[PDB]
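Residue numbers (the deposited numbering), protein chains in the order written: chain A, 2 to 447; chain B, 2 to 447.
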């Protein structure tokens, strides 16, 4: 009855149910996908993903202002999607760049991020003609300058700032000293020292400022404090160097962390509403300090890739576990685990799980969804409810696994990566194939 | 001065230091290994690993009583070492089995573990002639019974028990109801129901009972209570079925969790000492209930694989981070991260890290060792000390990364698995090659 419901904020946009009670994505029964492709299976609702690109692009004025964070999930097919939808792509190490270039992603729409970019990654970035590099340390700045001079080019950079704001859901914390790896402290003068260094060179050009402040952010307040702090530095810079050397500092990038619904009760605002608030903040903040309004750029991963994909599993074992003298928890063992979704164990993530191969009339029963790994903490959904007649051979799906589940996949217990399939308009296609024993053995020498 | 020291309880047994101040493993400078093989690099002290096998085998009476838990780290090379050293091998899913069989590991010395074994894994295990299956549910028992009967064989099994004991380091917790996925409860009567079920059939033979109680266990008291509880069931079983159908229940397997030193302060007892205590426990408990003393089996992963391997990295970036108005923490960015060692992030692991390419005279300074991934929490060693002159190009090593680090490796940010090398008597050989971009792209369709 209520265990049947697929909260529209949580599930992919193109989710329906059958007349026989099977959940379909983009018109295809989940049962047919498991039949054709096996389980576990990442199922991507392509129209959903593309929708999020378009709405976010519209919300921020242009696809140019929306940089997809590849770390959420990347492969050549997805790089193609982002390319066609007109967004930019943020890449983090050499491997993400090479996969983008392999996919012929236009390098001028690429930004390179990272706290510890090697010489060889910086080298490859400029050789490829990557549009922007977000610099994270004085050392990087030295390195990049030498590399750009060698190549005979002027590299566009942003400097990553630490502004003491950490935002999650409907709260944020402001600290005097952010104690983490990324960026340079505005407060300490470290950020201004970086700005000076970039100005002192010939082969680099400072075109913006970057901050990233959290994840699953549902309110604008963290961003507003962050924006105030970032533009305060802007004020400091053009104050010291004059609106002339600074004219080209045209971009404030407020990073990622746009929030999605994992659970029905999750309540991120519509992106159009949040984006307009952000736009008003940036204009207000810049006028408040006598500056022209900079371009606002945003770097979502989760908010593009997360909601449109589910993980489909087969129930293998159902065990009733005594938890008190009178209560029980129903442990439902499934086809994968921390190998394909480590987020529950790693971050304490909370997911929605539903029976998707039939409609049960059995009453709900408190449950834990667990994997097949030889570790007690191999838990996929810690606290949930299942039909009292859940049985091996039933299919269940976990929602919003499109971001950072596959990106984090391992071969723990020699469990190969699941296949990943894209559905569009009643048609399914394999995108990433499932790993085999040969894959498992492939790094072994002889 | 003291930042130079490599605690012998922490570092591989065949660690020394150069006269030029480079740490060698099995006689090879770590700087040479980084030069030949690149970083990050897993370095396996082969002799150390074998020694651990040999001393644990001796401590428990025989290699037959020591079952290496492959989940800690498995490849064909390692399966070979285990086989040669005369130990048994615990495998957890179909992939671990397949790797074992691929490496020619004797099936009779294999034991299959897991909470969610599929019909296909069970079927492959009996087809291979796997010596033991540790059954975890009533469902598994029914599946295996049918499988064994179809094969025309009698399958030896043990029943995994939950006895409400969870031990770590020098303590344990006893609970009325362990609320987790594995085993059947002695207290609720679920264990006895399973024993009856095995006894009901012709195609299975009950040879023993299994319990696994935690990790990093430094004392014997948790084991004692567990053994008391396990042997209590043994008494109920032979009571109800008579010393007859019960004569072949010859083994009490107390699982894994034997502890190693991650940090110089860590104090696991010598294995011979703990093994003797354990032996005494088993004999005492069985005699207290009028039973002959059962064989004692142990399933270590960490204590075999952990200490003999280190992870070698190159320092790329060094940033001093203000943490209060007066204090600072030195962020030392390295060559890998949560992709090759997720344990700090995942379980709050603590590691020992040391500068290995030179001797520093610089004073020590509070530090954090961090990877190159594009998230704040990509921390390898949260709280450590490094020399004040630590610089890009220096090599550092993290100790005791031989268990559960490679096992759990991912391609987060398209960062390929590092190379794994084995060193023995002044010779190094590549065991597992490092991933390339082609590996990263290999599951892509088109």
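We put the beta carbon where it would ideally sit given N, CA and C, even for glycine.
With respect to chain A, the C-beta atom of residue 103(B) has a partner C-beta closer than 8 Å.
In the DSSP assignment, residue 380(B) is bridged to 371(B). In terms of Cβ geometry, residue 116(A) and residue 189(B) do not form a close pair [threshold 8 Å]. The alpha-carbon of residue 396(A) is positioned some 14 Å away from that of residue 26(A). Under the 10 Å beta carbon count, residue 364(A) is surrounded by fewer than 16 other beta carbons and is classified as exposed. The beta carbon of residue 323(A) falls within 8 Å of a beta carbon belonging to chain B, placing the residue at that interface. Identification of residues in the region 178-197 of chain A having a C-beta nearer than 9 Å to some C-beta of chain B yields 178, 179, 180, 181, 182, 183, 185, 186, 188, 189 and 191, given in sequence order. For residue 219(A), DSSP assigns no beta-bridge partner whatsoever. In this structure, residue 330(A) lies away from residue 303(A), with their beta-carbon atoms at least 8 Å apart.
When rounded, the separation of the alpha-carbon atoms in residue 220(B) and residue 283(B) is 15 Å.
Within the same chain, and ignoring the five residues on either side of residue 216(B) in sequence, the residues whose Cβ sits closer than 6 Å to its Cβ are 258. Contact between residue 100(A) and residue 77(A) holds: their C-beta atoms lie close to 6 Å from each other, under 8 Å.
Of the other Cβ atoms in all chains shown, fewer than 16 fall within 10 Å of the Cβ of residue 348(A); this residue is therefore exposed. If you draw a straight line from the Cα of residue 339(A) to the Cα of residue 410(A), it comes to about 8 Å. Within the region 113-139 of chain A, the residues whose Cβ lies closer than 7 Å to some Cβ of chain B are 114, 115, 116, 117, 119 and 138, listed in chain order. With a 10 Å radius around the Cβ and a threshold of 16 neighbouring Cβ atoms, residue 71(A) comes out buried. Membership of residue 148(A) in any beta strand (DSSP E) is not indicated; the residue belongs instead to the alpha helix (DSSP H) covering 139-152. In this structure, 420(A) is the residue among 444(A), 425(A), 427(A) and 420(A) with its C-alpha nearest to the C-alpha of residue 436(A). Under the criterion of beta carbons closer than 8 Å, residue 10(A) and residue 297(A) do not qualify as touching, at roughly 25 Å. With the criterion set as a beta carbon lying under 9 Å from some beta carbon of chain A, the members of the region 403-435 of chain B are 405, 408, 409, 410, 411, 412, 413, 414, 415, 416, 417, 418, 420, 421, 430, 431, 432, 433, 434 and 435, in sequence order.
Check the Cα spacing between residue 133(B) and each of 211(B), 194(B), 96(B) and 105(B): the tightest is with 211(B). For residue 164(A), no CB of chain B lies under 8 Å from its own CB, so it is not counted at the interface with that chain. Going by beta carbons, residue 74(A) and residue 404(A) fall inside the 8 Å limit. Residue 194(B) and residue 381(A) have their C-alpha atoms spaced approximately 28 Å apart.
The Cβ atoms of residue 135(B) and residue 112(B) lie closer than 8 Å to each other. If you draw a 10 Å sphere on the C-beta of residue 371(A), you find 16 or more other C-beta atoms in it, and that means buried. Within chain A, the residues 72, 93, 114 and 115 have their CB atoms less than 7 Å from the CB of residue 375(B), given in chain order. For residue 87(B), no CB of chain A lies under 8 Å from its own CB, so it is not counted at the interface with that chain.
Fewer than three Cβ pairs drawn from the region 17-35 of chain B and the region 267-281 of chain B lie within less than 8 Å of each other, which leaves the two stretches out of contact.
Note on residue 107(B): under 16 other CB atoms within 10 angstroms of its CB, so exposed under the neighbour-count rule. In the assembly as shown, residue 300(B) is a buried residue. Its beta-carbon has 16 or more other beta-carbons within 10 Å.
A residue is called buried when at least 16 other Cβ atoms come within 10 angstroms of its Cβ; residue 418(A) meets this threshold and is buried. When the Cα atoms are used, residue 207(A) and residue 375(B) turn out to be separated by approximately 22 Å.
Excluding its 5 nearest sequence neighbours in each direction, residue 8(B) has C-beta neighbours in its own chain below 6 Å: 265, listed in chain order.
Secondary structure remark: continuous beta strand (DSSP E) runs of at least 3 residues inside the region 281-349 of chain A, in chain order: 296-298, 310-323 and 329-335. Closest in alpha carbon position to residue 197(A), among 235(A), 227(A) and 173(A), is 235(A).
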